[PDB]
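Next comes work_27.txt, a file with compact mmCIF, N, CA and C atoms.
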# COMPACT_ATOMS: atom_id res chain seq x y z
N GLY U 1 33.21 -5.45 6.06
CA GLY U 1 33.96 -5.29 7.34
C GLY U 1 33.06 -5.30 8.58
N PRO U 2 33.59 -4.85 9.73
CA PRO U 2 32.81 -4.86 10.97
C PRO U 2 31.47 -4.09 10.87
N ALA U 3 31.47 -2.89 10.27
CA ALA U 3 30.22 -2.11 10.19
C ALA U 3 29.17 -2.83 9.36
N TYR U 4 29.62 -3.35 8.22
CA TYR U 4 28.77 -4.12 7.32
C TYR U 4 28.11 -5.29 8.07
N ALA U 5 28.89 -6.06 8.81
CA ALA U 5 28.37 -7.26 9.45
C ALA U 5 27.38 -6.92 10.58
N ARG U 6 27.68 -5.87 11.34
CA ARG U 6 26.83 -5.37 12.42
C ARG U 6 25.47 -4.89 11.86
N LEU U 7 25.54 -4.11 10.78
CA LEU U 7 24.35 -3.60 10.12
C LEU U 7 23.56 -4.72 9.43
N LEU U 8 24.26 -5.72 8.88
CA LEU U 8 23.59 -6.88 8.29
C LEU U 8 22.78 -7.65 9.34
N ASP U 9 23.38 -7.84 10.50
CA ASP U 9 22.69 -8.53 11.61
C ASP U 9 21.45 -7.73 11.99
N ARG U 10 21.61 -6.41 12.09
CA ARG U 10 20.49 -5.53 12.42
C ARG U 10 19.37 -5.60 11.38
N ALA U 11 19.75 -5.59 10.10
CA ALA U 11 18.78 -5.60 8.97
C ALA U 11 17.98 -6.90 8.93
N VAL U 12 18.68 -8.03 9.03
CA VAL U 12 18.04 -9.33 8.91
C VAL U 12 17.07 -9.54 10.09
N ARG U 13 17.50 -9.16 11.29
CA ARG U 13 16.62 -9.21 12.46
C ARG U 13 15.33 -8.42 12.27
N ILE U 14 15.42 -7.25 11.65
CA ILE U 14 14.25 -6.43 11.37
C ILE U 14 13.35 -7.12 10.32
N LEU U 15 13.98 -7.58 9.24
CA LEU U 15 13.26 -8.13 8.07
C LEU U 15 12.70 -9.54 8.29
N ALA U 16 13.34 -10.31 9.17
CA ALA U 16 12.86 -11.65 9.48
C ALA U 16 11.48 -11.60 10.14
N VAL U 17 11.14 -10.45 10.72
CA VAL U 17 9.90 -10.29 11.50
C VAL U 17 8.68 -10.16 10.58
N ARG U 18 8.80 -9.29 9.58
CA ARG U 18 7.71 -8.99 8.66
C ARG U 18 8.20 -8.17 7.48
N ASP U 19 7.35 -8.04 6.45
CA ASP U 19 7.75 -7.37 5.21
C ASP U 19 7.92 -5.87 5.45
N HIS U 20 9.03 -5.33 4.95
CA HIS U 20 9.26 -3.87 4.84
C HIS U 20 9.57 -3.45 3.41
N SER U 21 9.17 -2.22 3.03
CA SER U 21 9.76 -1.65 1.81
C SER U 21 11.24 -1.33 2.08
N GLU U 22 12.01 -1.17 1.00
CA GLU U 22 13.40 -0.78 1.17
C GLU U 22 13.49 0.52 2.01
N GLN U 23 12.68 1.52 1.67
CA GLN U 23 12.67 2.77 2.47
C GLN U 23 12.28 2.57 3.95
N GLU U 24 11.29 1.72 4.24
CA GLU U 24 11.00 1.40 5.65
C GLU U 24 12.21 0.77 6.36
N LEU U 25 12.92 -0.12 5.67
CA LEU U 25 14.15 -0.72 6.21
C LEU U 25 15.20 0.36 6.49
N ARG U 26 15.42 1.28 5.54
CA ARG U 26 16.34 2.43 5.81
C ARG U 26 16.03 3.26 7.08
N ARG U 27 14.77 3.66 7.23
CA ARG U 27 14.32 4.36 8.44
C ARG U 27 14.64 3.61 9.74
N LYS U 28 14.54 2.29 9.69
CA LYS U 28 14.80 1.50 10.90
C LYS U 28 16.29 1.31 11.13
N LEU U 29 17.06 1.22 10.06
CA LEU U 29 18.53 1.18 10.18
C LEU U 29 19.10 2.51 10.66
N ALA U 30 18.38 3.59 10.35
CA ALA U 30 18.78 4.93 10.72
C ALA U 30 18.31 5.34 12.13
N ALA U 31 17.28 4.66 12.64
CA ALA U 31 16.82 4.88 14.02
C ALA U 31 17.86 4.36 15.03
N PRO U 32 17.89 4.95 16.25
CA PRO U 32 18.81 4.44 17.28
C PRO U 32 18.63 2.94 17.56
N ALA U 33 29.85 3.38 10.42
CA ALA U 33 29.41 2.82 9.14
C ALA U 33 29.46 3.85 8.03
N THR U 34 29.74 3.38 6.81
CA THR U 34 29.86 4.27 5.65
C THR U 34 28.65 4.04 4.78
N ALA U 35 28.44 4.95 3.83
CA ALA U 35 27.34 4.86 2.87
C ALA U 35 27.40 3.52 2.14
N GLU U 36 28.60 3.14 1.71
CA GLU U 36 28.82 1.84 1.08
C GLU U 36 28.35 0.66 1.95
N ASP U 37 28.60 0.71 3.26
CA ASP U 37 28.16 -0.36 4.16
C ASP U 37 26.64 -0.57 4.17
N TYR U 38 25.88 0.52 4.34
CA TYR U 38 24.41 0.50 4.17
C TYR U 38 23.98 -0.09 2.82
N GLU U 39 24.58 0.37 1.72
CA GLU U 39 24.15 -0.12 0.40
C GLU U 39 24.44 -1.61 0.24
N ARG U 40 25.57 -2.08 0.76
CA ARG U 40 25.94 -3.49 0.62
C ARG U 40 24.94 -4.36 1.40
N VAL U 41 24.48 -3.85 2.55
CA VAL U 41 23.51 -4.58 3.37
C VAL U 41 22.18 -4.67 2.62
N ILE U 42 21.77 -3.52 2.07
CA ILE U 42 20.54 -3.42 1.28
C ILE U 42 20.58 -4.45 0.16
N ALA U 43 21.68 -4.45 -0.57
CA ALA U 43 21.88 -5.33 -1.75
C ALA U 43 21.78 -6.81 -1.31
N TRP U 44 22.38 -7.14 -0.18
CA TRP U 44 22.32 -8.52 0.33
C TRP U 44 20.85 -8.86 0.60
N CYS U 45 20.13 -7.93 1.20
CA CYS U 45 18.74 -8.24 1.58
C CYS U 45 17.91 -8.52 0.32
N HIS U 46 18.11 -7.74 -0.74
CA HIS U 46 17.37 -7.97 -1.98
C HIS U 46 17.77 -9.34 -2.56
N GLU U 47 19.07 -9.62 -2.57
CA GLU U 47 19.54 -10.86 -3.19
C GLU U 47 18.98 -12.11 -2.50
N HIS U 48 18.84 -12.05 -1.17
CA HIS U 48 18.38 -13.18 -0.37
C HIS U 48 16.89 -13.18 -0.03
N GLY U 49 16.15 -12.25 -0.63
CA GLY U 49 14.69 -12.24 -0.57
C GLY U 49 14.09 -11.52 0.64
N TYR U 50 14.93 -10.89 1.45
CA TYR U 50 14.45 -10.17 2.64
C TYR U 50 13.84 -8.80 2.29
N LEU U 51 14.23 -8.25 1.15
CA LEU U 51 13.57 -7.06 0.55
C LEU U 51 13.10 -7.49 -0.82
N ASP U 52 11.93 -7.01 -1.24
CA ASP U 52 11.48 -7.16 -2.63
C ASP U 52 10.29 -6.22 -2.73
N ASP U 53 10.49 -5.02 -3.26
CA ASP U 53 9.42 -4.00 -3.24
C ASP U 53 8.26 -4.41 -4.14
N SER U 54 8.54 -5.15 -5.22
CA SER U 54 7.47 -5.61 -6.12
C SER U 54 6.52 -6.54 -5.36
N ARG U 55 7.09 -7.46 -4.59
CA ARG U 55 6.30 -8.36 -3.74
C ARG U 55 5.57 -7.53 -2.67
N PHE U 56 6.29 -6.59 -2.05
CA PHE U 56 5.69 -5.76 -1.01
C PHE U 56 4.44 -5.03 -1.53
N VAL U 57 4.58 -4.36 -2.67
CA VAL U 57 3.46 -3.55 -3.20
C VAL U 57 2.26 -4.41 -3.63
N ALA U 58 2.50 -5.55 -4.28
CA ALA U 58 1.40 -6.42 -4.66
C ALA U 58 0.60 -6.84 -3.41
N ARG U 59 1.30 -7.21 -2.33
CA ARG U 59 0.64 -7.64 -1.08
C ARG U 59 -0.12 -6.49 -0.42
N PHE U 60 0.48 -5.31 -0.46
CA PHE U 60 -0.12 -4.11 0.14
C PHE U 60 -1.41 -3.69 -0.58
N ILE U 61 -1.37 -3.65 -1.92
CA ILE U 61 -2.59 -3.36 -2.69
C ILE U 61 -3.70 -4.33 -2.34
N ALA U 62 -3.40 -5.63 -2.38
CA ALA U 62 -4.36 -6.70 -2.01
C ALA U 62 -4.98 -6.45 -0.62
N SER U 63 -4.13 -6.21 0.37
CA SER U 63 -4.59 -6.05 1.75
C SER U 63 -5.46 -4.82 1.92
N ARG U 64 -4.97 -3.66 1.47
CA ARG U 64 -5.73 -2.42 1.63
C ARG U 64 -7.05 -2.43 0.87
N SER U 65 -7.08 -3.08 -0.29
CA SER U 65 -8.30 -3.18 -1.10
C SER U 65 -9.35 -4.01 -0.35
N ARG U 66 -8.89 -5.03 0.36
CA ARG U 66 -9.81 -5.85 1.13
C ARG U 66 -10.39 -5.07 2.33
N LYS U 67 -9.66 -4.07 2.81
CA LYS U 67 -10.12 -3.26 3.94
C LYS U 67 -10.96 -2.03 3.52
N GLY U 68 -11.34 -1.95 2.26
CA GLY U 68 -12.28 -0.92 1.82
C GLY U 68 -11.68 0.42 1.48
N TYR U 69 -10.41 0.39 1.03
CA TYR U 69 -9.73 1.58 0.49
C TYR U 69 -9.54 1.48 -1.01
N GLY U 70 -9.59 2.64 -1.65
CA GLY U 70 -9.52 2.70 -3.08
C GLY U 70 -8.15 3.21 -3.53
N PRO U 71 -7.94 3.24 -4.85
CA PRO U 71 -6.62 3.54 -5.42
C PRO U 71 -5.99 4.87 -4.97
N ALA U 72 -6.78 5.93 -4.82
CA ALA U 72 -6.19 7.25 -4.55
C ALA U 72 -5.51 7.23 -3.15
N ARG U 73 -6.14 6.56 -2.17
CA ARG U 73 -5.56 6.45 -0.82
C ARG U 73 -4.39 5.47 -0.85
N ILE U 74 -4.59 4.34 -1.53
CA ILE U 74 -3.51 3.30 -1.59
C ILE U 74 -2.22 3.88 -2.21
N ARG U 75 -2.36 4.62 -3.30
CA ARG U 75 -1.21 5.30 -3.97
C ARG U 75 -0.46 6.25 -3.03
N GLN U 76 -1.21 7.05 -2.27
CA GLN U 76 -0.64 7.97 -1.29
C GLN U 76 0.15 7.24 -0.21
N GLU U 77 -0.46 6.19 0.33
CA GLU U 77 0.18 5.36 1.37
C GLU U 77 1.45 4.70 0.80
N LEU U 78 1.37 4.20 -0.43
CA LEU U 78 2.58 3.59 -1.03
C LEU U 78 3.69 4.60 -1.21
N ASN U 79 3.35 5.83 -1.57
CA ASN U 79 4.37 6.86 -1.76
C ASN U 79 5.09 7.14 -0.43
N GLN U 80 4.29 7.23 0.66
CA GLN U 80 4.82 7.40 2.02
C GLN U 80 5.82 6.30 2.36
N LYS U 81 5.50 5.07 1.92
CA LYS U 81 6.35 3.89 2.16
C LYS U 81 7.57 3.85 1.25
N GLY U 82 7.70 4.85 0.37
CA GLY U 82 8.88 4.92 -0.50
C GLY U 82 8.91 3.89 -1.64
N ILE U 83 7.73 3.41 -2.04
CA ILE U 83 7.57 2.58 -3.23
C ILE U 83 7.54 3.48 -4.49
N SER U 84 8.32 3.12 -5.50
CA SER U 84 8.41 3.93 -6.72
C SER U 84 7.06 3.97 -7.42
N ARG U 85 6.78 5.07 -8.12
CA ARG U 85 5.50 5.15 -8.83
C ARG U 85 5.40 4.00 -9.85
N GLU U 86 6.55 3.66 -10.44
CA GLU U 86 6.72 2.57 -11.42
C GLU U 86 6.24 1.22 -10.87
N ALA U 87 6.76 0.85 -9.70
CA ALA U 87 6.38 -0.39 -9.04
C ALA U 87 4.88 -0.37 -8.73
N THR U 88 4.37 0.79 -8.32
CA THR U 88 2.97 0.91 -7.92
C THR U 88 2.07 0.73 -9.14
N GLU U 89 2.43 1.39 -10.21
CA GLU U 89 1.56 1.36 -11.39
C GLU U 89 1.52 -0.03 -12.04
N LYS U 90 2.66 -0.71 -12.10
CA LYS U 90 2.73 -2.08 -12.56
C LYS U 90 1.85 -3.02 -11.71
N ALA U 91 2.00 -2.92 -10.39
CA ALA U 91 1.23 -3.80 -9.50
C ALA U 91 -0.28 -3.49 -9.56
N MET U 92 -0.63 -2.21 -9.67
CA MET U 92 -2.05 -1.84 -9.88
C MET U 92 -2.61 -2.49 -11.13
N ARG U 93 -1.88 -2.37 -12.25
CA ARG U 93 -2.35 -2.90 -13.51
C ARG U 93 -2.49 -4.42 -13.40
N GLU U 94 -1.54 -5.04 -12.72
CA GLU U 94 -1.51 -6.50 -12.54
C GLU U 94 -2.63 -7.04 -11.65
N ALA U 95 -3.03 -6.26 -10.66
CA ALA U 95 -3.96 -6.76 -9.66
C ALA U 95 -5.32 -6.84 -10.33
N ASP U 96 -5.57 -5.93 -11.27
CA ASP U 96 -6.78 -5.95 -12.11
C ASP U 96 -8.04 -6.06 -11.21
N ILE U 97 -8.05 -5.29 -10.13
CA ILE U 97 -9.12 -5.31 -9.12
C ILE U 97 -10.32 -4.45 -9.59
N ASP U 98 -11.53 -5.01 -9.45
CA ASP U 98 -12.77 -4.34 -9.84
C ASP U 98 -13.13 -3.35 -8.71
N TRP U 99 -12.53 -2.17 -8.78
CA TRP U 99 -12.69 -1.12 -7.73
C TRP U 99 -14.13 -0.65 -7.63
N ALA U 100 -14.84 -0.62 -8.76
CA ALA U 100 -16.23 -0.21 -8.76
C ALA U 100 -17.04 -1.22 -7.94
N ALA U 101 -16.71 -2.50 -8.05
CA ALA U 101 -17.46 -3.50 -7.30
C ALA U 101 -17.16 -3.48 -5.79
N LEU U 102 -15.91 -3.25 -5.44
CA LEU U 102 -15.50 -3.15 -4.05
C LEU U 102 -16.09 -1.89 -3.38
N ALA U 103 -16.08 -0.76 -4.11
CA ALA U 103 -16.76 0.47 -3.68
C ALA U 103 -18.25 0.23 -3.44
N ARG U 104 -18.92 -0.43 -4.38
CA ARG U 104 -20.34 -0.72 -4.21
C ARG U 104 -20.57 -1.54 -2.93
N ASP U 105 -19.71 -2.52 -2.69
CA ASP U 105 -19.75 -3.34 -1.48
C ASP U 105 -19.58 -2.55 -0.17
N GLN U 106 -18.64 -1.60 -0.15
CA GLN U 106 -18.44 -0.72 1.01
C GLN U 106 -19.68 0.15 1.23
N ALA U 107 -20.28 0.59 0.13
CA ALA U 107 -21.44 1.45 0.21
C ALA U 107 -22.65 0.72 0.77
N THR U 108 -22.92 -0.49 0.28
CA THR U 108 -24.09 -1.24 0.75
C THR U 108 -23.92 -1.65 2.22
N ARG U 109 -22.68 -1.92 2.62
CA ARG U 109 -22.34 -2.27 4.01
C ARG U 109 -22.64 -1.13 4.99
N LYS U 110 -22.37 0.10 4.57
CA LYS U 110 -22.59 1.28 5.40
C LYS U 110 -24.00 1.86 5.26
N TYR U 111 -24.55 1.80 4.05
CA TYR U 111 -25.78 2.50 3.70
C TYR U 111 -26.98 1.62 3.34
N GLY U 112 -26.77 0.30 3.29
CA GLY U 112 -27.85 -0.65 3.01
C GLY U 112 -28.03 -1.05 1.54
N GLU U 113 -28.83 -2.08 1.31
CA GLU U 113 -29.10 -2.54 -0.05
C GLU U 113 -30.59 -2.84 -0.14
N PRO U 114 -31.28 -2.29 -1.16
CA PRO U 114 -30.75 -1.45 -2.23
C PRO U 114 -30.15 -0.14 -1.69
N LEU U 115 -29.15 0.41 -2.38
CA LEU U 115 -28.56 1.66 -1.93
C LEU U 115 -29.60 2.78 -1.91
N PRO U 116 -29.47 3.76 -0.99
CA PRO U 116 -30.27 4.97 -1.07
C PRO U 116 -30.11 5.62 -2.44
N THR U 117 -31.19 6.22 -2.93
CA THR U 117 -31.13 6.92 -4.21
C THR U 117 -31.49 8.41 -4.15
N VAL U 118 -32.09 8.86 -3.05
CA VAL U 118 -32.43 10.29 -2.86
C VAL U 118 -31.15 11.15 -2.97
N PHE U 119 -31.26 12.35 -3.54
CA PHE U 119 -30.07 13.15 -3.89
C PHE U 119 -29.15 13.41 -2.69
N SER U 120 -29.74 13.88 -1.59
CA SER U 120 -28.94 14.24 -0.41
C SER U 120 -28.21 13.05 0.22
N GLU U 121 -28.81 11.87 0.16
CA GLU U 121 -28.12 10.67 0.65
C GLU U 121 -27.04 10.14 -0.31
N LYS U 122 -27.31 10.19 -1.61
CA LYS U 122 -26.30 9.79 -2.60
C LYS U 122 -25.01 10.63 -2.48
N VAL U 123 -25.17 11.93 -2.24
CA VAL U 123 -24.01 12.83 -2.10
C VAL U 123 -23.13 12.43 -0.91
N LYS U 124 -23.78 12.04 0.18
CA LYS U 124 -23.07 11.58 1.37
C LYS U 124 -22.34 10.27 1.08
N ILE U 125 -23.01 9.38 0.36
CA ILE U 125 -22.38 8.11 -0.04
C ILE U 125 -21.16 8.35 -0.94
N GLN U 126 -21.30 9.25 -1.91
CA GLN U 126 -20.15 9.57 -2.77
C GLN U 126 -18.99 10.14 -1.97
N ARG U 127 -19.29 11.00 -1.00
CA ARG U 127 -18.28 11.64 -0.18
C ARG U 127 -17.50 10.56 0.59
N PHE U 128 -18.23 9.65 1.23
CA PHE U 128 -17.62 8.54 1.97
C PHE U 128 -16.66 7.69 1.09
N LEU U 129 -17.12 7.28 -0.08
CA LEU U 129 -16.28 6.48 -1.02
C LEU U 129 -15.08 7.25 -1.55
N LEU U 130 -15.27 8.54 -1.83
CA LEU U 130 -14.11 9.39 -2.27
C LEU U 130 -13.10 9.51 -1.13
N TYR U 131 -13.57 9.69 0.10
CA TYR U 131 -12.63 9.79 1.23
C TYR U 131 -11.85 8.49 1.43
N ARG U 132 -12.50 7.36 1.16
CA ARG U 132 -11.89 6.00 1.16
C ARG U 132 -10.85 5.76 0.04
N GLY U 133 -10.82 6.64 -0.96
CA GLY U 133 -9.82 6.59 -2.07
C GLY U 133 -10.37 6.01 -3.38
N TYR U 134 -11.67 5.70 -3.43
CA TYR U 134 -12.27 5.29 -4.70
C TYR U 134 -12.39 6.49 -5.67
N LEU U 135 -12.22 6.22 -6.95
CA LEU U 135 -12.22 7.29 -7.97
C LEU U 135 -13.63 7.66 -8.42
N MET U 136 -13.85 8.91 -8.84
CA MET U 136 -15.17 9.31 -9.30
C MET U 136 -15.66 8.29 -10.34
N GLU U 137 -14.73 7.88 -11.20
CA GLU U 137 -14.96 6.93 -12.27
C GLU U 137 -15.40 5.54 -11.75
N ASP U 138 -14.82 5.11 -10.62
CA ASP U 138 -15.19 3.89 -9.88
C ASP U 138 -16.65 4.02 -9.35
N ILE U 139 -16.97 5.22 -8.86
CA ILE U 139 -18.17 5.49 -8.04
C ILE U 139 -19.40 5.74 -8.91
N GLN U 140 -19.18 6.32 -10.08
CA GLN U 140 -20.26 6.74 -11.00
C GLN U 140 -21.21 5.61 -11.37
N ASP U 141 -20.70 4.37 -11.37
CA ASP U 141 -21.54 3.25 -11.77
C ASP U 141 -22.05 2.34 -10.65
N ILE U 142 -21.80 2.67 -9.38
CA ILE U 142 -22.33 1.81 -8.31
C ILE U 142 -23.87 1.85 -8.29
N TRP U 143 -24.46 2.92 -8.82
CA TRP U 143 -25.91 3.02 -8.97
C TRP U 143 -26.40 2.45 -10.30
Target format structure tokens, applied to this file:
Amino acid sequence: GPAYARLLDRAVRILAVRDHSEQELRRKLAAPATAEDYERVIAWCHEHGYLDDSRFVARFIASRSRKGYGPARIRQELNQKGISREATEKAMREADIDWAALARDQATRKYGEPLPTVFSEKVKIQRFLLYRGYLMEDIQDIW
């Protein structure tokens, strides 16, 4: 009906611009109609390719990993975006990204190559990589 069509126009205009998670789309539809009208719009967007959280999460992991963030931060950010843990874990497994190698790269960029090895400097390097979201397990072998 009228509410559905008005909300559909609003949704497509938002989504035509750039990728959103389904939850990001909801927040924007709710920013300045029945529950069924919202759901029907959502459903249309998925059917016509304007929403696809699996595509969204794969792209997000790729992008954030290239910017020097590790899994623990990426997972937190995805949760904020309303991506299911299921979608996140599948896309993580699929991306098969060598986090230890990317961490080593961030470290040499900030701290030089060969990496510092003195105890007090190594601790600072570990702190930096952990804050970036790399796992202790990722970090243990950069040396």
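Straight-line separation from atom CA of residue 125 of chain U to atom C of residue 75 of chain U: 22.2 Å.
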Per-residue nearest contacts of segment 70-96 of chain U to segment 129-140 of chain U (10 Å; only C-alpha atoms) as a Markdown table:
| residue | atom | partner | partner_atom | distance |
| --- | --- | --- | --- | --- |
| U:70 | CA | U:133 | CA | 4.0 |
| U:71 | CA | U:133 | CA | 5.5 |
| U:72 | CA | U:133 | CA | 4.4 |
| U:73 | CA | U:133 | CA | 4.4 |
| U:74 | CA | U:133 | CA | 7.1 |
| U:75 | CA | U:133 | CA | 8.9 |
| U:76 | CA | U:133 | CA | 9.3 |
- Between atom CA of residue 13 of chain U and atom CA of residue 39 of chain U, what is the spacing in Å?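 The value is 16.9 Å.
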- Given only N, CA and C atoms as the counted atoms, nearest of U:59, U:122, U:40, U:66 to residue 91 of chain U: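 Using only N, CA and C atoms, residue 91 of chain U sits closest to U:59.
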- Query: Taking the backbone alone, and naming residues the way the document does, which bits of chain U are alpha helix (DSSP H) by DSSP, as a PyMOL selection string?
  - Reply: chain U and resi 2-15+22-30+35-47+53-66+71-80+85-95+99-111+119-131+136-139
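Computed from the coordinates, the atom N of residue 21 of chain U to atom CA of residue 2 of chain U distance equals 25.1 Å.
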Could you give me, as a PDB file with N, CA and C atoms, in the coordinates of the input, the residues within 12 Å of residue 27 of chain U, counting only C-alpha atoms and dropping anything in the same chain fewer than 6 positions from it?
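As a result, result.pdb now contains:
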ATOM      1  N   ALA U  11      19.750  -5.590  10.100  1.00  0.00           N
ATOM      2  CA  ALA U  11      18.780  -5.600   8.970  1.00  0.00           C
ATOM      3  C   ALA U  11      17.980  -6.900   8.930  1.00  0.00           C
ATOM      4  N   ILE U  14      15.420  -7.250  11.650  1.00  0.00           N
ATOM      5  CA  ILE U  14      14.250  -6.430  11.370  1.00  0.00           C
ATOM      6  C   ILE U  14      13.350  -7.120  10.320  1.00  0.00           C
ATOM      7  N   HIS U  20       9.030  -5.330   4.950  1.00  0.00           N
ATOM      8  CA  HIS U  20       9.260  -3.870   4.840  1.00  0.00           C
ATOM      9  C   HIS U  20       9.570  -3.450   3.410  1.00  0.00           C
ATOM     10  N   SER U  21       9.170  -2.220   3.030  1.00  0.00           N
ATOM     11  CA  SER U  21       9.760  -1.650   1.810  1.00  0.00           C
ATOM     12  C   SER U  21      11.240  -1.330   2.080  1.00  0.00           C
ATOM     13  N   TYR U  38      25.880   0.520   4.340  1.00  0.00           N
ATOM     14  CA  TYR U  38      24.410   0.500   4.170  1.00  0.00           C
ATOM     15  C   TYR U  38      23.980  -0.090   2.820  1.00  0.00           C
ATOM     16  N   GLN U  80       4.290   7.230   0.660  1.00  0.00           N
ATOM     17  CA  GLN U  80       4.820   7.400   2.020  1.00  0.00           C
ATOM     18  C   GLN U  80       5.820   6.300   2.360  1.00  0.00           C
ATOM     19  N   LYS U  81       5.500   5.070   1.920  1.00  0.00           N
ATOM     20  CA  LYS U  81       6.350   3.890   2.160  1.00  0.00           C
ATOM     21  C   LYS U  81       7.570   3.850   1.250  1.00  0.00           C
ATOM     22  N   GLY U  82       7.700   4.850   0.370  1.00  0.00           N
ATOM     23  CA  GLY U  82       8.880   4.920  -0.500  1.00  0.00           C
ATOM     24  C   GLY U  82       8.910   3.890  -1.640  1.00  0.00           C
TER      25      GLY U  82
END
